[PDB]
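Heads up, the thing below is written out as structure tokens.
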Amino acid sequence: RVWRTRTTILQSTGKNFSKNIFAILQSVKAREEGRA
Amino acid sequence: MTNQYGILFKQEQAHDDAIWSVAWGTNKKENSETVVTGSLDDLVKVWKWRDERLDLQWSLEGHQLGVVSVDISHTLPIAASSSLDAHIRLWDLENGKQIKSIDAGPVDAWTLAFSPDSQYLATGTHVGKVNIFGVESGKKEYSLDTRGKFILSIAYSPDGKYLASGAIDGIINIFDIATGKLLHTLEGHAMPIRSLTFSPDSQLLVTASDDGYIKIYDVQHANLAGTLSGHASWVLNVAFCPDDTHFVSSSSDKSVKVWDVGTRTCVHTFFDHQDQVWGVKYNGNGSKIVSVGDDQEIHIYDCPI
Amino acid sequence: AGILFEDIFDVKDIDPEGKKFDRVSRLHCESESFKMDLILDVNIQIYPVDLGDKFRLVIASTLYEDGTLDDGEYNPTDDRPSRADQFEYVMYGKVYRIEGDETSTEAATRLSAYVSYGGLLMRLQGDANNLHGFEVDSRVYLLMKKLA
Amino acid sequence: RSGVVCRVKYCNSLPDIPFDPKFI
Amino acid sequence: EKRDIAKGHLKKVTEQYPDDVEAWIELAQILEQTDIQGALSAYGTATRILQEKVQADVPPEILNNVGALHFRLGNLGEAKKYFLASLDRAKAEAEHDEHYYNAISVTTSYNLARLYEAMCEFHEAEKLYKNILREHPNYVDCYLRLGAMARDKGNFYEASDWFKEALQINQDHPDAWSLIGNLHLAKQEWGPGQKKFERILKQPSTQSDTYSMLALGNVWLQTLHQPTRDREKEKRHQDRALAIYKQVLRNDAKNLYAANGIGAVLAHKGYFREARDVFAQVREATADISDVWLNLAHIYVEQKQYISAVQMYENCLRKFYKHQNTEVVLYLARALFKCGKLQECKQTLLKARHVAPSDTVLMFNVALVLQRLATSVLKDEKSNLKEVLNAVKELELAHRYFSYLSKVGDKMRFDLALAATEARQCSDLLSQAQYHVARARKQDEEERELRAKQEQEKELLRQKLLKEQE
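Chains as they are written, first to last, in the authors' numbering: chain X, 229 to 264; chain W, 1 to 305; chain H, 2 to 149; chain V, 26 to 49; chain Q, 392 to 861.
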């Protein structure tokens with residue numbers, strides 16, 4: 229029985245950044261598309 | 001009086017910056033043990049070990065960039081040093097005066113070694129040749145080519161037969177001094193060799209590399225006598241005991257390890273230093289060890305005889 | 002911006018000398034990015050803190066991201082965007098002392114900045130370069146946020 | 026237009042495969 | 392989610408029943424997942440009851456698990472003692488059941504070999520790994536540990552051979568394929584590493600493997616490090632890396648490395664504020680990723696926050712590297728140079744050269760810092776003769792280095808034409824140095840002129856003393 233693996237070693241304990249990072253990426257993409 | 005390994009003295013703030021080399025020499029006529037240290041603060045310092053204490057005798061300046069190596073002669077009262085700017089300087093330890101200077105260009109003159117007779121200085125070079133300078137002449141008498149990369153360390157066998165060199169690729173090269181011919185070219189390690197040494201009897205060659213391993217070779221046949229591990233980072237210096245049955249090494253892991261060549265086991269480890277221990281050396285009779293590192297400290301360790 | 006200092010601290014001890022007040026406890030914390038030392042009185046009744054907690058600490062001279070300064074008066078009906086929105090525990094205080102290890106000939110290498118948040122005291126101590134925004138008699142905001 | 030020669034790289038290097046002791 | 396309820400039930404049972412070895416062990420077996428200290432405490436409690444009431448020697452499995460927890464903590468000495476006890480216990484009670492205890496000893500033996508690796512006893516570890524492999528040729532982990540040790544030695548062919556040997560036993564082993572791919576990528580062989588990681592994603596059980604996808608996206612990330620004139624190719628690579636990272640972030644929302652990859656791509660895109668936000672989020676999550684510290688320090692430098700950048704570089708170097716990494720040292724030197732602390736920058740570059748004396752970029756950077764320091768001193772008209780002479784010596788050193796580097800240098804990193812122009816500037820500075828040294832000498836003779844006046848006045852004071860004396 230082993231607990232640490234190649235998939236859980238890339239993960240934070242609990243914190244999730246999906247919402248914040250995707251919001252940030254949306255703003256960057258929105259600003260990129262606005263400029264021409 | 002039972003004797004055990006243990007620190008005996010500790011000189012703090014010995015240099016302004018990291019201490020990158022050390023050398024211990026014993027002079028019979030003066031009967032005073034001398035220690036020469038070079039540092040990245042561009043200063044050479046000469047201390048005298050007396051009454052179980054270190055007392056500064058000379059503080060020699062002149063080197064432009066950091067002092068990489070400092071050596072003493074086994075018989076003469078001379079010392080040598082090299083800086084990061086490839087300048088070599090000879091110092092008279094009796095008066096603390098610069099005997100002469102050798103401008104080895106921008107690349108040559110990395111690390112210094114005194115020949116057993118103290119009549120020559122051997123220094124590795126960037127191109128891959130070991131240049132030899134006359135101590136009295138002050139000029140490059142000749143050079144032995146290895147066809148290799150940067151030579152990080154140099155050694156002289158006490159009997160004077162061979163001079164060894166370690167490259168940045170881990171290859172070891174042993175030259176016959178008498179004929180100046182490359183006797184052997186050994187694979188060695190795969191990481192740079194920063195320090196190699198010979199046994200007092202000239203029978204063994206001990207090399208240290210960045211992989212944390214210390215390799216022993218039999219120079220007669222150039223065969224691998226053994227491999228030692230136990231350092232958690234780069235090994236930076238090795239030095240053989242006068243008793244010939246022990247030697248000491250230092251590493252980036254802030255420890256100084258004394259190994260037994262017979263049992264091939266580390267017999268002691270000192271953790272006193274707080275940074276990379278760049279230099280470690282034995283005294284004349286092998287009852288003391290001097291160590292210097294990036295923490296700008298000089299440590300003396302007792303040893304049983 | 003108006004930010005004087007920022008780091009993440011670990012709570013290493015709480016009331017080491019024993020509890021002196023019922024609703025206030027003294028935190029001893031160390032930061033990792035800048036190796037700063039912190040002593041901080043916190044209203045633990047409203048903002049409980051436990052040993053081993055981690056928080057983001059910001060010392061700011063203003064709460065407005067546009068760098069505008071404040072009158073120092075309660076302005077509850079102001080709804081401009083505020084740094085306080087990003088944080089859980091916010092205090093307002095005044096720098097009352099700056100100590101250092103300077104000698105008669107050498108500038109300080111380590112500074113200690115003391116702040117009083119209406120009598121809840123803070124001492125931020127470390128390398129002088131981190132503490133160069135602190136001036137005695139200046140008003141600062143302390144922003145704290147626990148992070149998991 | 027002179028300065029220290031150093032190319033800044035934003036690196037994302039994955040950790041080595043874990044080999045912790047196994048529990049029975 | 393159920394493991395916490397099991398923990399609660401078992402914790403409730405243990406509190407109600409102080410003497411329940413099985414409950415303590417059951418609780419420990421779930422505290423291991425996240426609570427090393429709690430699992431250790433539970434195992435210790437179970438051992439206490441076994442010795443006190445049961446009066447029986449600890450089972451080898453509990454000793455092995457206690458030792459493994461200590462290994463995870465860092466108590467290598469306690470781990471060695473417990474692993475040796477577990478091997479001894481499994482051997483002692485092997486007659487009761489040889490088959491089971493042989494397997495228990497195999498796992499315990501592998502643990503002890505891994506510990507020896509931790510204690511830097513690589514000879515004992517290698518011998519133990521080979522001993523295991525001799526009897527159990529299907530133990531893949533032993534092959535991979537030998538390959539890892541060989542790779543750590545620096546023998547990459549031996550490492551690949553051991554890794555291929557592991558793949559022989561288990562054709563589809565994601566860890567073995569990852570190790571081979573990591574070996575190839577570390578050698579900058581992009582195609583081989585790419586194929587080895589795409590192979591894993593071709594398998595059905597690992598159709599969407601986070602580790603493999605991150606490596607595949609990192610391959611495209613590394614192409615942005617080297618500047619390229621082709622804007623379209625660089626931009627497409629940025630998009631490709633971002634897409635891979637976004638997919639990994641969708642599949643896993645707690646992936647620190649996907650977030651760090653997004654930030655690195657954003658920073659390479661020029662969005663330093665957004666990249667800082669991502670890095671700060673990741674930094675809040677953890678402090679054990681050195682690339683996060685370095686990326687934060689890079690952003691600090693780009694934002695002209697030099698105080699934070701220098702501390703971050705120094706602290707990152709101290710925490711994450713036992714030896715000296717010349718790349719981070721060069722980063723620290725650049726940060727100090729931007730801050731204007733040229734003396735500290737020179738010392739840092741000299742420290743780099745001490746370890747990497749063949750680096751031509753370090754030589755060029757040392758020459759540039761020397762020229763700047765000498766020029767600053769020369770321009771200063773309040774400098775004494777000693778400082779001016781030192782600056783003259785330093786200008787000569789810089790001029791020699793620039794000329795030598797122009798004669799031979801690493802064209803891929805810096806242009807030799809720039810070095811030639813720098814050499815000309817050093818020569819011109821030395822030409823004006825003659826006037827400067829003349830200026831310094833006249834200055835210091837004026838210094839001795841005032842000193843005599845100081846002595847002159849003091850003698851008059853003595854004259855009054857004699858008037859007082861008489």
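Note that CB positions come from ideal geometry on N, CA and C, so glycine has one too.
Is there a C-beta anywhere in chain Q that falls below 7 Å from the one on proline 43/V? For this step, residue 43/V is matched to residue 18 along the fourth sequence. Judged by the 7 Å Cβ criterion, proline 43/V is not in contact with chain Q.
Anything in the stretch 673–687 of chain Q with a Cβ closer than 7 Å to a Cβ of chain H? List those residues in chain order, please. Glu675 and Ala678
In the DSSP assignment, find the unbroken alpha helix (DSSP H) run with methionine 754/Q in it and report its ends. Here residue 754/Q corresponds to residue number 363 of the fifth sequence, with the count starting at 1. Start and end: 751–770.
Do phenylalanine 10/H and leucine 58/H have their CB atoms nearer than 7 Å? Your numbering for residue 10/H matches position 9 in the third sequence. Your numbering for residue 58/H matches position 57 in the third sequence. Yes, the pair counts as a contact, with Cβ atoms nearer than the cut-off.
When burial is assigned at 16 or more other CB atoms within 10 Å of the CB, is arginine 709/Q buried or exposed? The residue given as residue 709/Q occupies position 318 in the fifth sequence. So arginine 709/Q ends up on the exposed side.
Three-way DSSP call (helix, strand, coil) for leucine 121/H in this model: Along the third sequence, read from residue 1 onward, the residue named residue 121/H stands at position 120. In the structure shown, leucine 121/H sits in a strand (DSSP, three-state: E or B).
The stretch 108–127 of chain W: which residues have C-beta closer than 9 Å to a C-beta of chain Q, in chain order? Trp110 and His126
Would a check of beta-carbon distances place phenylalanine 10/H closer than 7 Å to chain Q? The count along the third sequence starts at 1 and reaches residue 10/H at position 9. Cβ-Cβ to chain Q under 7 Å: no for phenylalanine 10/H.
Between the stretch 210–222 of chain W and the stretch 233–251 of chain W, do three or more beta carbon pairs fall short of 8 Å? yes
I need the DSSP call for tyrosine 90/H, collapsed to helix, strand or coil. Here residue 90/H is taken as the residue at index 89 of the third sequence, counted from 1. DSSP places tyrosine 90/H in strand when its eight states are reduced to three.
Please report how far the alpha carbon of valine 720/Q lies from the alpha carbon of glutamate 469/Q, in whole angstroms. By 1-based counting over the fifth sequence, the position of residue 720/Q is 329. By 1-based counting over the fifth sequence, the position of residue 469/Q is 78. Cα to Cα, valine 720/Q sits roughly 37 Å from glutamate 469/Q.
Go through its chain and collect everything with a Cβ distance to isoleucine 177/W's Cβ below 7 Å, but skip five positions before and after it. Indexing the second sequence from 1 puts residue 177/W at position 177. Closer than 7 Å at the Cβ level, and outside the excluded window around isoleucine 177/W, lie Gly160, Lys161, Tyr162 and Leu163.
Can you list the residues of chain A that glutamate 423/Q reaches, using a CB-CB cut of under 8 Å? Structure shown: chain A not included; protein chains present are X, W, H, V and Q.
Three-way DSSP call (helix, strand, coil) for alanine 658/Q in this model: Numbered from 1 along the fifth sequence, position 267 holds the residue referred to as residue 658/Q. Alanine 658/Q: helix per DSSP, three-state reduction.
List the DSSP bridge partners of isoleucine 4/H. Reading the third sequence from its first residue, position 3 is the one you call residue 4/H. Looking at the DSSP assignment, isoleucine 4/H forms a beta bridge with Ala61/H.
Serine 137/W CB to nearest chain Q CB: under 7 Å? By 1-based counting over the second sequence, the position of residue 137/W is 137. Closer than 7 Å: no.
Beta-carbon of residue 265/X versus every beta-carbon of chain V: anything under 7 Å? In the structure as shown, chain X starts at 229 and stops at 264, and residue 265/X therefore has no counterpart that could be examined.
Using a 10 Å radius around the Cβ and a threshold of 16 neighbouring Cβ atoms, would you call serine 477/Q buried or exposed? Sequence index remark: in the fifth sequence, residue 477/Q carries index 86 (1-based). Buried is the call here.
Hey, does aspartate 532/Q have any beta-carbon neighbour from chain X nearer than 7 Å? By 1-based counting over the fifth sequence, the position of residue 532/Q is 141. Taking Cβ atoms only, chain X never reaches closer than 7 Å to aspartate 532/Q, which makes this a no.
Quick one: what's got a C-beta closer than 8 Å to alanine 671/Q's C-beta in the same chain, skipping five residues either side? In the fifth sequence, counting from the first residue as 1, residue 671/Q sits at position 280. Around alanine 671/Q: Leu687.
Let me know if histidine 221/W comes out buried or exposed under the rule of 16 or more other beta-carbons within 10 Å of its beta-carbon. Within the second sequence, the letter at position 221 stands for residue 221/W. Classification of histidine 221/W: exposed, given that the 10 Å Cβ count is below 16.
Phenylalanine 56/H to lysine 147/H, Cα distance in whole Å? Your numbering for residue 56/H matches position 55 in the third sequence. Your numbering for residue 147/H matches position 146 in the third sequence. Rounded to whole angstroms, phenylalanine 56/H to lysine 147/H spans 4 Å at the Cα level.
Using a 10 Å radius around the Cβ and a threshold of 16 neighbouring Cβ atoms, would you call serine 599/Q buried or exposed? As a working note, residue 599/Q is residue 208 in the fifth sequence. Exposed.
CA nearest to the CA of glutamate 74/H, picked from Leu144/H, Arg140/H and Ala2/H: Against the third sequence, residue 74/H aligns to sequence position 73. Closest option to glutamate 74/H, Cα to Cα, is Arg140/H.
With 16 as the cutoff for other CB atoms within 10 Å, does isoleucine 47/H come out buried or exposed? Reading the third sequence from its first residue, position 46 is the one you call residue 47/H. So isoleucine 47/H ends up on the exposed side.
Quick one: which chain V residues come within Cβ less than 9 Å of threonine 233/X? Counted from its first residue, the first sequence places residue 233/X at position 5. Within 9 Å Cβ-Cβ: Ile42 and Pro43.
According to DSSP, which residues form a beta bridge with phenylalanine 56/H? For the purposes of this step, residue 56/H is identified with residue 55 of the third sequence, where counting begins at 1. Answer is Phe10/H and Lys147/H.
Would the beta-carbon of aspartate 17/W fall within 7 Å of that of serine 39/W? Counting from one through the second sequence, the residue named residue 17/W turns up at place 17. Counting from one through the second sequence, the residue named residue 39/W turns up at place 39. In contact: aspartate 17/W and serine 39/W (Cβ atoms closer than 7 Å).
Taking the beta strand (DSSP E) that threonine 227/W belongs to, which residues open and close that run? Here residue 227/W refers to the residue found at position 227 when the second sequence is read from its first residue. Taken as a continuous stretch (DSSP letters only), the beta strand (DSSP E) holding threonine 227/W covers 223–228.
Taking C-alpha atoms, which residue in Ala232/W, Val219/W and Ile214/W lies nearest to residue 306/W? Because chain W here runs from 1 to 305, residue 306/W falls outside it and cannot be looked at.
Quick one: using the 10 Å Cβ neighbour count with 16 as the cut-off for buried, is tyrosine 282/W buried or exposed? Here residue 282/W refers to the residue found at position 282 when the second sequence is read from its first residue. Buried, since its Cβ has 16 or more Cβ neighbours within 10 Å.
Own chain, CB closer than 7 Å to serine 199/W, minus 5 neighbours either side, in chain order: Residue numbering aside, residue 199/W sits at position 199 when the second sequence is read from its first letter. Taken in chain order, the residues that qualify are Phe240 and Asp244.
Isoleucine 237/X versus chain V: which residues are under 7 Å apart at the beta carbon? Counted from its first residue, the first sequence places residue 237/X at position 9. Chain V residues near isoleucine 237/X: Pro40 and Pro43.
Which listed residue (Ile88/W, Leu93/W, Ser229/W and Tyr156/W) has its alpha carbon closest to that of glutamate 30/W: On the second sequence, residue 30/W is found 30 positions in, with the first residue counted as 1. If we check each option's Cα against that of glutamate 30/W, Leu93/W comes out closest.
How would you write the range of the alpha helix (DSSP H) that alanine 104/W sits in, first residue to last? As a position in the second sequence, residue 104/W is number 104, starting the count at 1. From DSSP, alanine 104/W is part of no alpha helix (DSSP H); its letter is neither H nor E.
Could you work out which residue in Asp42/H, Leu132/H, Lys36/H and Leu28/H is closest to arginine 98/H when comparing CA atoms only? Position 97 of the third sequence, counted from the first residue, corresponds to residue 98/H. Comparing Cα positions, the closest option is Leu132/H.
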